[PDB]
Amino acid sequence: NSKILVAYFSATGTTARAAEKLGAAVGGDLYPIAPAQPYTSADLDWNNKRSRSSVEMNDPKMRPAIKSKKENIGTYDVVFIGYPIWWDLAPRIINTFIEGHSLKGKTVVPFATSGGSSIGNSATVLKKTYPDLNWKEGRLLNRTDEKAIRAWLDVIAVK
């Protein structure tokens, strides 16, 4: 079976909890993608056009800095990449992660939490941005359990 990493960004814990359930289900290592500068509540104010998150989402070239890379990334066969949905997209720190780690040859699978939006748009944009990677279809994990995770992974043929 594969060596599995569950990489994730979480600003308020929701995606971290999804990631923990996923990693427990598959016996995967978890890698929290930690921002070098933590996100405050003010940063996350989507009603303020001048908030850090609004400015990020308006600049597709922005690459929020990550504290520490995953040093043994080379050892993994499958890398799940989790995030909260921000304006129907992956947060830009996900781009920082992808661009800073060699994911060539690996199976790469997004997952997300949200306030209602589906994962599809964010996953489509990531696949189009990084078309050389081996992307598989991901899931919104707002409400999940081991049985649902296992069914998903059988559909996409990850083991």
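Quick note: we count residues from 1 along the sequence shown, nothing fancier.
Q: Using only the Cα atoms and their B-factors as the entry lists them, report which of 45-53 and 111-119 averages higher.
A: Comparing 45-53 with 111-119, the higher average CA B-factor belongs to 45-53.
Q: Once you work out the mean C-alpha B-factor for both 121-129 and 24-32 from the entry, which is higher?
A: The recorded data point to 24-32.
Q: For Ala16, return the chain-relative third of its C-alpha B-factor as stated in the PDB record: lowest, middle or highest.
A: Tercile = lowest for this residue's CA B-factor.
Q: Split the chain's modelled residues into thirds by Cα B-factor; is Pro60 in the lowest, middle or highest one?
A: As the PDB entry reports it, the C-alpha B-factor of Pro60 lands in the middle third of its chain.
Q: Relative to the other modelled residues in the chain, which third contains the C-alpha temperature factor of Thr96: lowest, middle or highest?
A: Lowest third.
Q: Going by what the PDB entry lists, where does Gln37 fall on CA B-factor within its chain: lowest, middle or highest third?
A: Answer is lowest: the recorded C-alpha B-factor places it there.
Q: Please place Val6 in the lowest, middle or highest third of its chain by C-alpha B factor as given in the entry.
A: Answer is lowest: the recorded C-alpha B-factor places it there.
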